[PDB]
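Novice: Following this: a sequence and the matching experimental structure.
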Amino acid sequence: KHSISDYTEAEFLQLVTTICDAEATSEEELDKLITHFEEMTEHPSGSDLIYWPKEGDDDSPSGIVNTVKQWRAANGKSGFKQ
């Protein structure tokens, strides 16, 4: 559970799908999925990507996983397992 490279896309999407469902996490659980998410993604927007998106950014789970997938490949950092 160490870097995004230990995620499959399908897996990391489930992570992002849980994050974006209030109802699905207690707050102490959320705190830690959100910290995780930032750490995996090493995106400089951290949780902004999820809660404070630029207008016309696709802020659905798959859309957050997309912009992540893309930023990372664009920056020659590693991608998912598979």
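Specialist: Received it, and whenever you're ready, just let me know what you need. Numbering: from 1, shown residues only.

Novice: Please make it C-alpha for all contacts and neighbour counts, starting now.
Specialist: Fine.

Novice: Buried by neighbour count: which residues of stretch 51-63 qualify?
Specialist: 58-59, 61-63 (16 or more other C-alpha atoms under 10 Å).

Novice: Tell me the spacing between residue 4 and residue 23.
Specialist: According to C-alpha to C-alpha, to the nearest Å, residue 4 and residue 23 sit 25 Å apart.

Novice: Specify which residue of these two has the higher count of neighbours.
Specialist: residue 4 (21 against 9; other C-alpha atoms under 10 Å).

Novice: so who does the nearest residue to the more buried one once chain neighbours are set aside touch?
Specialist: In space, and not counting its chain neighbours, residue 4 is closest to residue 40: 5.1 Å by C-alpha to C-alpha, 6 or more residues apart in numbering. Counting by C-alpha atoms under 8 Å, 6 or more residues apart in numbering, residue 40 touches 2-4.

Novice: now those as JSON lines including secondary structure?
Specialist: JSON lines is the format used below for those (DSSP: H, G, I helix; E, B strand; the rest coil):
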{"residue": "2", "secondary structure": "coil"}
{"residue": "3", "secondary structure": "coil"}
{"residue": "4", "secondary structure": "helix"}
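
Novice: Going by distance to residue 32, which of the residues you listed wins?
Specialist: Taking C-alpha to C-alpha as the measure, residue 2 is the one of these closest to residue 32, at 13.9 Å.

Novice: and that closest one, how many neighbours does it have?
Specialist: Neighbour tally, residue 2, other C-alpha under 10 Å: 9.

Novice: just to revisit the earlier point, now do the residue nearest to residue 4 against residue 9, distance only.
Specialist: Separation of residue 40 from residue 9 (C-alpha to C-alpha) stands at 13 Å.

Novice: from the buried residues of stretch 51-63, which is closest to residue 33?
Specialist: Checking the buried residues of stretch 51-63 against residue 33 by C-alpha to C-alpha gives residue 61 as the nearest, at 13.9 Å.

Novice: How about the contacts made by the closest one?
Specialist: Taking C-alpha under 8 Å, 6+ apart as the contact definition, residue 61 lies against 13, 16-17, 20.
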